[PDB]
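Each protein sequence line maps, in turn, to chains A and G.
Taken in order, the first sequence gives residues 724 to 741, 750 to 1073; the numbers are from the authors' numbering.
Taken in order, the second sequence gives residues 6724 to 6741, 6750 to 7073; the numbers are from the authors' numbering.
There are 2 protein chains.
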Amino acid sequence: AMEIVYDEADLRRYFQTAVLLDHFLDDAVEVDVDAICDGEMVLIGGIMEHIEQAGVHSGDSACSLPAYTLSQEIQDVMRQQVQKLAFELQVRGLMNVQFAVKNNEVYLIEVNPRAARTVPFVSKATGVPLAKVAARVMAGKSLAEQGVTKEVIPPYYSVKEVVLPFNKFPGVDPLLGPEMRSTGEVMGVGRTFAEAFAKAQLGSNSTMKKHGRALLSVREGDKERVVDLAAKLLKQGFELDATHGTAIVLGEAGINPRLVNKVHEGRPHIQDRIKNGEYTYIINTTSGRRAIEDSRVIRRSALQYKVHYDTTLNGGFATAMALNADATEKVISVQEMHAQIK
Amino acid sequence: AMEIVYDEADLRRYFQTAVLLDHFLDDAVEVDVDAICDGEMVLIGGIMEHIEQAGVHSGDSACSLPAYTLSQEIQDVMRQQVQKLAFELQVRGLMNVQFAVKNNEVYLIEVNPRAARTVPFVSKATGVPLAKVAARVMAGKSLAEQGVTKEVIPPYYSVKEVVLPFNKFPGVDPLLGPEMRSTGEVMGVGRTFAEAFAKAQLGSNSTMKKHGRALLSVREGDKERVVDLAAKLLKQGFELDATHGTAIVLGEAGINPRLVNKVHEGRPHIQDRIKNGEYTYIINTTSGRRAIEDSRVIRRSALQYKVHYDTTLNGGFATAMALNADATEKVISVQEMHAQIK
Ligand SMILES: Nc1ncnc2c1ncn2[C@@H]1O[C@H](COP(=O)(O)OP(=O)(O)O)[C@@H](O)[C@H]1O
Ligand SMILES: Nc1ncnc2c1ncn2[C@@H]1O[C@H](COP(=O)(O)OP(=O)(O)O)[C@@H](O)[C@H]1O
Ligand SMILES: NCCC[C@H](N)C(=O)O
Ligand SMILES: NCCC[C@H](N)C(=O)O
Ligand SMILES: [Cl-]
Ligand SMILES: [Cl-]
Ligand SMILES: [Cl-]
Ligand SMILES: [Cl-]
Ligand SMILES: [K+]
Ligand SMILES: [K+]
Ligand SMILES: [K+]
Ligand SMILES: [K+]
Ligand SMILES: [Mn+2]
Ligand SMILES: [Mn+2]
C-alpha cells in the first residue's frame, strides 16, 4: 500500500493512519522498457511511453509503443541505461526497466529481472515473441545464434489501455494512483497515435461520445494546461461546465464555461447534473488526501452513471486527440500488421 | 431612524445596537401622488411611479410621470383612494399620498396633508403650478373658481433622478434605504420613459457608459430577473462578469458571464478589477445586515473609482432601457412642453 505525502502535516497524518521514503517525481513521464540480455548483448524489446504520469501505477496506465512524446534523444539514454543495468545485474533472459522522465532527466524507478506484464503487448506490437526468445536464451541459445539482435520499431502505433473493476465495488473511489487495481487490458492499433488510442479506448469499453457537455474540475497544477484542453473540446463541439476555481481560470483565459455548483455550494450541483445525464465527458483531477476525499462524489457518480471520465490531464488530452479519429474506420489483422514490419 | 429587519435574530440584533413595527412590503412599487382638495373636490396633481422599490426612501428614488409600468386600473384605485382621504382628513390645500403596490394590491404608506417635495417636479411636468392653486384654494378660491379641475396627462415623459452626497463622506457606504440622504434632484423630459430616464441620468452626473464590461452581483430575490437584465446588457454589446451565485443563475439560462472572485476568494478580485477600471457598469443588489456590510467594498470602490452603479434591479432595468436612447439627440423647452399640453 503506497502513499504520496504532500506536506509535513500530511506525513504525520499518514503515519497515524499508516518505512521507506522516496522523493515523489511530480509531473514526470513514466516509461517501461522490456528487454533481453544473453550475457553478450542486450536486445531492446520495446520502449513504452505511458499516458498517465508517474504516480499512476504502470499496470493501470495506458501506454504507447512507440513513445508518443519522448525525444529519441532521451530514449537513447534509456536504452543505454537498460544496457548497463542488464550487464551489471547479470540478466539472462527478460527484464523490465521503469523510468521517470522529468525536466529532461531520466530517473530509474525500478528493475524487474523477469518477464513483466507488458511482454505480450510488446510481442504483439513488434512481431517478436520475446518470451520464446528469452526462454531460448535461458536454455542456452544466444540472441545472436537465434538471429534476434535488432530492436524492432513498428510502422504503426500500438496503444494499451486497461479495464478497472471499480464497477464491481461501488463503495470504492474510482481513482487512479500508485497501486495497481486493473484486471485486464486491450490493445489499439493505428496509423497515428490518435487512431491507436481511440481503438484502445473503445476496446476498453469506454462510454466516451463525440458530442455533448463536458464537466471540467481540475486541481491547481492542472489549471494552466486545462485551458488548452477546454479549447480542444470547444473546437470539437462540446459545451462546457466547470466548478468554481476552474471556471475562474477558464474565464481569465477567455473561456467561459457554464458554472456548476459543488455539492456544498448549492443546487443544482454536479451530482444532480451527472445523475441527469447532462454530461458525456468528465475531466476531474485532484491532489491531496483531503482534496481527494471531497471530490469523491464526482467519480463515483460518473462511474455509476456511465459517463466517460478521465482523472488525469494527460489522459484527458489523449481522449481529446482520439476525438479526431474513428476507431471503426479501418481494421487490420495481426498477420498484416507483422507483414508491414521491415 | 428606520431599518428593515428580516428575522427574529435580526430584530434583537437591532434592538441591541438600537417603537413601531410594520410589515415590510417586499418587491413592491412605490407611488407618490400629489393632489389638491378644496372641500368640494379633488384635483390630482400627478401620479408618480418610483423606479426603486418601496424600501428605498421616496426622497432618494428616481420617478416617473407619467407612471411607466403601473396599470391604469391600479392608478384608478389610488386615485380613488386619494380622494377618499382628502375629504376624510378635510384637506384644504395640498396633500401627498404614498402608496405601495404589491401583487396588484394597493397599500397605504402615509399621508402628508401638506406640500410635498415633489410639488415642483409635478408642476413643471404638468404645467400646473400646484403651489399657486393650492395657496389660492387655502385663501378661499375654489378649484372650480380657479378653473383647475381636470387632471393633466402630459404627452411626454418626465423623470426625476436624484443626487447623493456620498462622495463628500467617503467613510460612508453609498447605499439606498428607508432614510433619505440625497441633496438635490434633476429632471429629464422625453418622448419615451427611456429617453426621459436617460436625460435624468446624465443630468444627475452619472458616469454610465454605452459600452464596456458590466459586473453583475445580485441577491436571491433578484437572481431570477437579473437574466433579463443580463440579456439587455449583452444585446447592447457589454461583456459580463458575475460573482458565483449570480453566475450560476445566468449560466443556468444560457448566459455564461465571466466568473469573478469576491475579495475573500482570490486575486484578482472584484476590488482589484474595479480599481483597474475594468468595468463601466455595476449592478449590485444585497439583502441582509451582513450581506450588506460584506458588499460595502463594492459600492465604495465603485463610487471611488467613478463607475456607474445601481443598487436596485429596477434601477438597473431603467439604466438599460436608457441605453436605447440619446440624451443629446433632442432638446425641448418648458414652454414648448407646456404648449404641447391639451
Ligand atoms: N519516485 C517516484 N516518483 C513518481 N512515481 C513513482 C515513484 N516511485 C514509484 N512511483 C509510482 O509508483 C508505481 C509503482 O512503483 P514500483 O516501484 O514500480 O512499484 P511495484 O513493484 O508495485 O511495481 C510506479 O509505476 C509509479 O507510477
Ligand atoms: N411598510 C412599508 N413597506 C415598504 N416600504 C416602506 C414601508 N414603510 C415605509 N417604507 C419605505 O420607507 C420610506 C419612509 O417611510 P415614510 O413613512 O414615508 O417615511 P418618511 O416620514 O421619512 O417620509 C417610504 O418612502 C418607503 O419606500
Ligand atoms: N488508464 C486508466 C483508465 C483511465 C480512467 N478513465 C481515468 O483516467 O481515471
Ligand atoms: N435614485 C437613486 C440613485 C441611484 C444609484 N445609482 C443607486 O442605484 O444606488
Ligand atoms: Cl510486471
Ligand atoms: Cl462496494
Ligand atoms: Cl415631502
Ligand atoms: Cl467620511
Ligand atoms: K504511469
Ligand atoms: K515490481
Ligand atoms: K421607492
Ligand atoms: K413624512
Ligand atoms: Mn513497477
Ligand atoms: Mn414619506
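Using N, Cα and C, we set each Cβ at its ideal position, and we do this for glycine too.
For residue 772 of chain A and residue 852 of chain A, the gap between their C-alpha atoms comes out near 23 Å. Between residue 1035 of chain A and residue 1027 of chain A, the alpha-carbon positions lie close to 12 Å from each other. Taking a beta-carbon distance threshold of 8 Å, residue 6851 of chain G does not count as an interface residue toward chain A. Contact between residue 6919 of chain G and residue 6890 of chain G holds, since their C-beta atoms are separated by about 4 Å, short of 8 Å.
Excluding residues up to 5 positions away in sequence, 6832 lie with their Cβ nearer than 6 Å to the Cβ of residue 6760 of chain G in the same chain.
CA-to-CA, the gap between residue 6929 of chain G and residue 7054 of chain G works out to about 8 Å.
Taking 7 Å as the cut-off, one finds no heavy atom of ligand 3 near enough to the beta carbon of residue 6976 of chain G. DSSP places residue 6857 of chain G in the uninterrupted alpha helix (DSSP H) bounded by 6850-6857. Inclusion of residue 911 of chain A and residue 788 of chain A in the CB contact set at 8 Å is warranted, their separation being smaller than that value. Counting only residues whose CB is nearer than 7 Å to a non-hydrogen atom of ligand 6, the list in chain order is A:900, A:901, A:902, A:903. Bounds of any alpha helix (DSSP H) do not take in residue 6897 of chain G, whose DSSP letter is neither H nor E. With contacts defined by Cβ atoms closer than 8 Å, residue 993 of chain A and residue 1005 of chain A do not form a contacting pair. Under the DSSP assignment, residue 959 of chain A falls in the alpha helix (DSSP H) whose first and last residues are 957-966. In the structure shown, residue 821 of chain A falls within a coil segment according to DSSP collapsed to helix, strand and coil. About 5 Å separates the CB atoms of residue 6844 of chain G and residue 6822 of chain G; that is less than 8 Å, so the two are in contact. Cβ-Cβ separation between residue 6972 of chain G and residue 6944 of chain G: approximately 6 Å, consistent with a contact (criterion under 8 Å).
Between the region 6726-6735 of chain G and the region 956-969 of chain A there are fewer than three C-beta pairs closer than 8 Å, too few to call the two in contact. The beta carbon of residue 6988 of chain G sits closer than 8 Å to some beta carbon of chain A. Within chain A, the C-beta atoms nearer than 7 Å to that of residue 6992 of chain G come from 979, in chain order. Its Cα nearest to that of residue 6991 of chain G, the residue A:975 stands out among A:975, A:1003, A:995.
Just so you know, the alpha carbons of residue 6846 of chain G and residue 6778 of chain G end up roughly 15 Å apart. Between residue 7071 of chain G and the set G:6856, G:6812, G:6783, G:6785, the nearest pair of CA atoms involves G:6856.
Judged by beta-carbon spacing, residue 968 of chain A lies within the 8 Å limit of residue 942 of chain A, meaning their Cβ atoms are closer than that value. For residue 6811 of chain G, the distance from the CB to the nearest heavy atom of ligand 14 is not below 7 Å. Residue environment: residue 6949 of chain G is assigned as buried (16 or more neighbouring CB atoms within 10 Å of its CB, all protein chains considered). A Cβ-Cβ distance of about 6 Å is found for the pair residue 6894 of chain G and residue 6914 of chain G, placing them in contact under the 8 Å criterion.
Taking 7 Å as the cut-off, the C-beta of residue 753 of chain A counts as close to a heavy atom of ligand 1.
At least one C-beta of chain G is nearer than 8 Å to the C-beta of residue 975 of chain A.
For residue 6951 of chain G, the distance from the CB to the nearest heavy atom of ligand 12 is not below 7 Å. Taking 8 Å as the CB threshold, residue 6997 of chain G lines the interface with chain A.
When only Cα atoms are considered, residue 828 of chain A and residue 763 of chain A end up about 6 Å apart.
Bridge pairing for residue 6916 of chain G: G:6893 [DSSP]. In this structure, residue 785 of chain A has its beta carbon less than 7 Å from a heavy atom of ligand 9.
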